[PDB]
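Here the structure comes first, spelled out in structure tokens, and everything after it is commentary.
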Amino acid sequence: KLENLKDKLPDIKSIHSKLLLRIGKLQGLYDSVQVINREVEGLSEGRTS
Amino acid sequence: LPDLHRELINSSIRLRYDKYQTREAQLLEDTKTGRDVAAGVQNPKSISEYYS
Numbered sequence: 099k100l101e102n103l104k105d106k107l108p109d110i111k112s113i114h115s116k117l118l119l120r121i122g123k124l125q126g127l128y129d130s131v132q133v134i135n136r137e138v139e140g141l142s143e144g145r146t147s
Numbered sequence: 054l055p056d057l058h059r060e061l062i063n064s065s066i067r068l069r070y071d072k073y074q075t076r077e078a079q080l081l082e083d084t085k086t087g088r089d090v091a092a093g094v095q096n097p098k099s100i101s102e103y104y105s
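Sequences listed follow chains I and J, in order.
Taken in order, the first sequence gives residues 99 to 147; the numbers are from the authors' numbering.
Taken in order, the second sequence gives residues 54 to 105; the numbers are from the authors' numbering.
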């Protein structure tokens with residue numbers, strides 16, 4: 099059963115490429131929340147234009 | 054009666070001699086298990102890409 103190890107390899111390349119996709123999405127949600135917390139800090143200083 | 058007495062004792066050594074042969078033979082099998090069969094596969098590049 100270990101002789102081929104051929105058609106069992108690209109179905110782990112598939113589930114590993116979706117996980118690296120889901121990491122980069124939620125790493126982008128934690129970079130737009132840190133934009134909202136830079137505006138609400140600066141706006142509640144008192145200086146708007 | 055003494056005809057069959059001689060063949061009976063002559064066959065009980067062979068039954069005990071063939072028993073001792075298997076105990077030495079299946080203690081060699083118990084060392085043969087391991088990586089005797091691991092270095093037999095000719096597909097070594099795919100079995101390191103799968104584990105990585």
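Virtual Cβ for every residue (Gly too), placed ideally from N, Cα, C.
Taking Cβ to Cβ, would you say residue i is nearer than 8 Å to residue j?
i                 : j                 : result
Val94 of chain J  : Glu101 of chain I : yes
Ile100 of chain J : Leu103 of chain I : yes
With H, G and I counted as helix, E and B as strand and the rest as coil, what does DSSP make of residue i?
i                 : result
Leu119 of chain I : helix
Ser142 of chain I : coil
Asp105 of chain I : coil
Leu68 of chain J  : helix
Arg59 of chain J  : helix
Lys85 of chain J  : helix
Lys99 of chain I  : coil
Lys98 of chain J  : coil
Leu54 of chain J  : coil
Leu80 of chain J  : coil
So, under 8 Å CB-CB, residue i and residue j are touching, yes? Tell me the CB distance rounded to an integer number of Å.
i                 : j                 : result
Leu107 of chain I : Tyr103 of chain J : 6 Å
Report the neighbours of residue i on chain J: residues whose CB is nearer than 7 Å to its CB, in chain order.
i                 : result
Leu100 of chain I : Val94 and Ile100
Give me the chain I residues within the contact set of residue i, using Cβ-Cβ distance strictly less than 7 Å, ordered along the chain.
i                 : result
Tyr103 of chain J : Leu103 and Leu107
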